[PDB]
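Per-entry structural report
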Amino acid sequence: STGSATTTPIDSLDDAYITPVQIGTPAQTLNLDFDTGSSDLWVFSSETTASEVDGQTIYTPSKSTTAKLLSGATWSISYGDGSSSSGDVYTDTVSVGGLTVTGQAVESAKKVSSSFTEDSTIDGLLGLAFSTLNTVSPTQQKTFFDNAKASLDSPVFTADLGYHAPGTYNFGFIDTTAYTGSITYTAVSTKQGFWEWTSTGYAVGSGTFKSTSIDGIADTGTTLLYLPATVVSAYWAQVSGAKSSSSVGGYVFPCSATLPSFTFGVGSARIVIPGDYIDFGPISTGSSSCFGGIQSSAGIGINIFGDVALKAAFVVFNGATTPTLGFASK
Ligand SMILES: NCc1ccc(C(F)(F)F)cc1
């Protein structure tokens, strides 16, 4: 079997993408953020403290005839930006784009950090990293992808994110009309639980390609592109007036400048990120300083190929027993 669902940016800066997901019987439709950097499926629910809920659609297990409390199980998660949430655990039926998994662990948020409460448009997260990072205790739980793998025509899903436009997550098949040229596959390390791979280098604008190994993770749940300080400095050096701002927390640039493109290497292939994708707009309303989409990973400890990079490509997450990542131009 297969599944296919449209994913939509939540705002005009592509800060995140939401995808409708059906949970329970009869279906309750929630808009979840598909996150290949985590491995929990957690939702706002009828159990979330009412003051921590501001416009989200909530999952109500009591109205689902297929929901079962997973007696004794809890979860607690903390994200790389300081967000967190925790609660108890149900199993229920979960469908994405026609693809149905029964007995999926649905982690019900009792508490959410303030950054989720202020994001009215995101009802929860659907983790698509490897199940070894799932936070359910005492019995670790499998991700939606892991649960669906048996029944999929092919153990893959693909991410086709749009620039200021809707895109597609496909499960179980590769749409050969969604990309141009060939798909270049590259090896994945699963040792930290992430879709971790090694980029073969980079180029700034029309400069020469610098061959150098950049290890990092493919993360649909992260907005920006976080790269080593040396790479990020060489990019922003080509933008007149760009500077790193401690008060803002990263590189900013005069909104009137035109940004060079950024190329990253996949094996021998090259993926070009248009300069327009790197503009994340004024730091505050009316400001003439704009926030850059390429920032340093020095403070994070891992390089992250977030949405800025992934939306320039058609991306194949191959969950074969030896996993790989595929990139194609589109
Ligand atoms: N999108 C999930 C996520 C968030 C943070 C991190 C970090 F910061 F730990 F690398 C990894 C994955």
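Residues numbered from 1 in each chain as written, not as in the entry; some residues may be left out. Heavy atoms only, no water. Residues with missing side-chain atoms left out of burial classes, pairs and counts.

Determination of this PDB entry was carried out by X-ray crystallography to a resolution of 1.79 Å, according to the record.

Some words on the pattern of salt bridges
Using the criterion set out here, one finds five salt bridges in the structure. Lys311 is paired through a salt bridge with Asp14; the nearest N and O atoms lie 2.8 Å apart. With a gap of 297 residues between them, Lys311 in the loop between α4 (307-310) and β23 (313-318) and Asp14 in the loop between β1 (3-9) and β2 (17-23) connect regions that are remote in the sequence. As far as burial versus exposure is concerned, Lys311 and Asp14 are alike and both buried. Linking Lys330 and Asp160 is a salt bridge whose minimum nitrogen-to-oxygen distance equals 2.8 Å. Of this pair, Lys330 sits in the segment after β24 (324-329) while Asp160 sits in strand β9 (residues 156-160), and the two are 170 residues apart along the sequence. According to the relative accessible area criterion, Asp160 is buried, its value standing at 17%. Within this structure, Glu47, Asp88 and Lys110 form a network of salt bridges that share partners. (Salt bridge = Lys/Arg side-chain N within 4 Å of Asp/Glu carboxyl O. Helix = DSSP H or I, 4+ residues; strand = E, 2+ residues; numbered from the N terminus. Buried < 20%, exposed > 50% of the residue type's maximum accessible area, 1.4 Å probe, protein only.)

A closer look at the UniProt feature "active site" in the chain
UniProt marks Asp35 and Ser199 with the feature "active site", using the numbering shown here. One can find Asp35 in strand β3 (residues 28-35). Its place among the elements puts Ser199 in strand β12 (residues 196-204). For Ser199, the side chain forms a polar contact with the main-chain oxygen of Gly201, separated by 3.5 Å. (UniProt positions renumbered as here; feature names shortened; annotations may be inferred. Polar contact = N/O pair within 3.5 Å; in protein donor to acceptor, adjacent residues only side chain to side chain.)

Regarding the environment of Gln140
Looking at the secondary structure, you find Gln140 in the loop between β8 (124-127) and α2 (144-148). For the pair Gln140 and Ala105, spaced 35 residues apart in sequence, the C-alpha separation works out to 9.7 Å. Excluding residues that lie within four positions of it along the chain, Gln140 makes contacts with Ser131, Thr132 and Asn134. (Contact = heavy atoms within 4.5 Å.)

Some points on the packing of aromatic side chains
Overall, the coordinates contain 25 aromatic pairs when judged by the stated rule. For the pair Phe157 and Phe317, a centre-to-centre distance of 4.7 Å together with 5° between the ring planes defines the contact as stacked. Here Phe157, found in strand β9, pairs with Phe317, found in strand β23; they are 160 residues apart in sequence, far enough to count as distant. The same class applies to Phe157 as to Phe317, namely buried. Between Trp236 and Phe253 the ring centres are 5.5 Å apart and the planes differ by 20°, which places this aromatic pair in the stacked class. Of this pair, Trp236 sits in helix α3 (residues 229-236) while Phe253 sits in strand β16 (residues 250-254), and the two are 17 residues apart along the sequence. (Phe/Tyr/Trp six-rings, centres within 6.5 Å; stacked < 30°, edge-to-face > 60°.)

Structural notes on the sheet that holds β12
Read across the open sheet, the seven strands follow the order β18-β17-β12-β13-β22-β14-β21; overall the sheet is mixed. Each having just a single partner strand, β18 (269-273) and β21 (294-296) make up the two edges of the open sheet. Across the sheet, the mean angle from the axis of one strand to that of its neighbour is 45°, orientation sign disregarded. With three bridges connecting them, strand β13 (residues 210-218) and strand β22 (residues 303-305) associate as parallel partners. Across the sheet, the residue bridging to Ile217 is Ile304, located in β22. In the packing of α3 onto the sheet, the strands contacted are β12, β13, β14 (225-227), β17 (262-266) and β21, and the crossing angle to β21 comes to about 140°. (Pairing = 2+ DSSP bridges. Axes fitted to C-alpha atoms, helices over the stretch in contact; angles between N-to-C directions.)

A short note on a negative patch on the surface
Together, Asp11, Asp54, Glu118 and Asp119 make up a region of like negative charge exposed at the surface. For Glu118, the position within the fold is in the loop between α1 (114-117) and β8. (Patch = residues over 30% accessible without salt bridge, like charges linked within 9 Å, V, L, I, M, F, W, Y side chains within 5 Å. Areas by Shrake-Rupley, 256 points an atom, 1.4 Å probe, with all protein chains shown as cover. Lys, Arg positive; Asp, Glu negative; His and termini not counted. Charge placed at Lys NZ, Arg CZ, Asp CG, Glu CD.)

As for the pairing of β8
Here β8 shows two buried faces, one formed by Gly124 and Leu126 and the other by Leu125 and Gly127. Two elements, β3 and β8, share four bridges in a ladder whose sense is parallel. Across the sheet, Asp33 pairs through a bridge with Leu125, a residue of β8. In terms of strand pairing, strand β4 (residues 41-44) meets β8 through three bridges, oriented antiparallel. Bridge pairing links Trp42 to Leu125 in β8.

Observations concerning the side chain of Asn170
Relative to the assigned elements, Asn170 resides in strand β10 (residues 167-171). On the basis of relative accessible area, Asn170 is assigned to the buried category, the value being 5%. Polar contacts involving the side chain of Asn170 include one to the side chain of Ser4, which spans 2.5 Å. Among all residues touching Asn170, those that are not within four sequence positions of it are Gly3, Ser4, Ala5, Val156, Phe157, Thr158 and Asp175.

Let's talk about the state of the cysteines
By the definition in use, this model includes one disulfide. Shown here is the disulfide that connects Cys255 with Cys290, its sulfur atoms set 2.0 Å apart. The chirality of the disulfide connecting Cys255 with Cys290 is right-handed, given an S-S dihedral of about 110°. Here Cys255, found in the loop between β16 and β17, pairs with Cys290, found in strand β20 (residues 289-292); they are 35 residues apart in sequence, far enough to count as distant. Relative accessible area serves as the criterion here: at 25%, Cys255 is assigned to the partly exposed category. Classification of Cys290 by relative accessible area gives buried; the value is 3%. (Disulfide = S-S within 2.5 Å.)

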